[PDB]
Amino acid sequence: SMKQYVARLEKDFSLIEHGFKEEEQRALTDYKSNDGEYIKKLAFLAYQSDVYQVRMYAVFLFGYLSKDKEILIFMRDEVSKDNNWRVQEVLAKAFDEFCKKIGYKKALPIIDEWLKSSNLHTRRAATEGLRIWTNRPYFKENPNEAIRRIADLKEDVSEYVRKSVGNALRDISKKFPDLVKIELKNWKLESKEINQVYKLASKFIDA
C-alpha cells in the first residue's frame, strides 16, 4: 500500500520537466493528513525512488518532519549526496523549512553546523536556502549575523558554494548597503575564490 502509493507518485510526477510546486503541495497535504511516524516511513521509501521528482516530494516531507533529529541528519548527510540538481534545490528549501519551524534564532547552531559541513552540498543548502537571509526573522533585525556567517565561506573550495555565497551577500547589499560595504572593505582580494565572491557581492556597493 505504501509501495502502491510511491508507484502512484512516480506515475503522477515522472514527466514534470520544470518547477517544484506540484511535489511541494502533495507533500504538504500528505504531511498534514497523517501521523508523523507513518509519514517518516513514507518519506524514506519515496526517497529511494529512481524518479527524481518523487525524491523531491520526499525531501519536502523531510523538511516538514525535520524536528526529528534523525530526519535532519539524513538531510544533512545523505540527501546532500543526491546527484540531481533539482533535488538539491529542494534540500535548500527543506533546510529553510527546518529553520522556520524551530525559529531562526533557535536554529543558529544547526545553521553553523551545516555551513561547516564536509559536503559542499550541505554548505550550499544552508547558504542558498536562507536567501534572502535578511528577510527572515532574527537576521532581519541582526543583519551582521547573516553577513558574518555568509562571508566566512568566501574562500570555499566549491564554485557551487561560492556562487551562492556571493549572491547571498548581493541580496543583502540591496537593503543594507552600508553593512555590506564595511564587510567587503576588510577583505584581502588574493585568492581566485575570494575574487569570484567579491565580484558577485559588490555590484551595488559604492566601494
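Residue indices: 1-based, along the sequence shown.
Set 137-145 against 152-160 and average the Cα temperature factors; 137-145 ends up higher.
172-180 and 57-65 differ in mean CA B-factor, and the higher of the two is recorded for 172-180.
Per the PDB record, residue ranking by Cα B-factor puts residue 43 in the middle third of the chain. Per-chain ranking of the deposited C-alpha B factor places residue 101 in the highest third.
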